[PDB]
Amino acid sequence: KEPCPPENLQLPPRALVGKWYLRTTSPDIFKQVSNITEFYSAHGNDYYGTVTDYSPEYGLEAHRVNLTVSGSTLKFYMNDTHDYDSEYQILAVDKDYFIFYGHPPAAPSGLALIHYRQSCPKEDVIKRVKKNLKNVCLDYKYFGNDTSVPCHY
């Protein structure tokens, strides 16, 4: 489903700096790729860094990424594979998570991505994410988790 982005949502400088875990998406992409870790460093208003993930074909792999930021949108570019390369629009930004949405070749009808500061986000963070999704006309129940990451005994 296409979101209804906030009209005056600002993307503050260096808000994306550091390590993030991509743990929840719509549609569910985690049969295709899992254990996604992002690390971003600031370069002016833009970002550069690395994404590591587990590929069914390649096992644990690493890629260099660039984020080119313009207002509430950014261009995501990966160095050695381009199925996720797209413009992405920020839908929500918080100290504990951020959400954006784009239409990469891997999911051309739309892909919502939720990135967390925590590998296994606590209940209170997920509840905030649920509320943020509703605020941009999305629904958490239509998202899928990375079940390959052990967040429960």
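One rule holds for the numbers: they count along the sequence shown, beginning at 1.
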Practice prompt. Please work out which of 14 to 22 and 132 to 140 has the higher mean CA B-factor as recorded in the PDB entry.
Written response: 132 to 140
Practice prompt. Would you tell me which stretch averages the higher CA B-factor in the PDB entry, 102 to 110 or 53 to 61?
Written response: 53 to 61
Worksheet item: Looking at 46, 85, 123, 38, which has the biggest Cα B factor in the entry?
Response: 123
Worksheet item: residue 115's Cα B-factor: lowest, middle or highest third of the chain?
Response: lowest
Discussion item. Lowest, middle or highest third: which one holds residue 67 when the chain's residues are ordered by CA B-factor from the entry?
Written reply: middle
Discussion item. Lowest, middle or highest third: which one holds residue 90 when the chain's residues are ordered by CA B-factor from the entry?
Written reply: highest
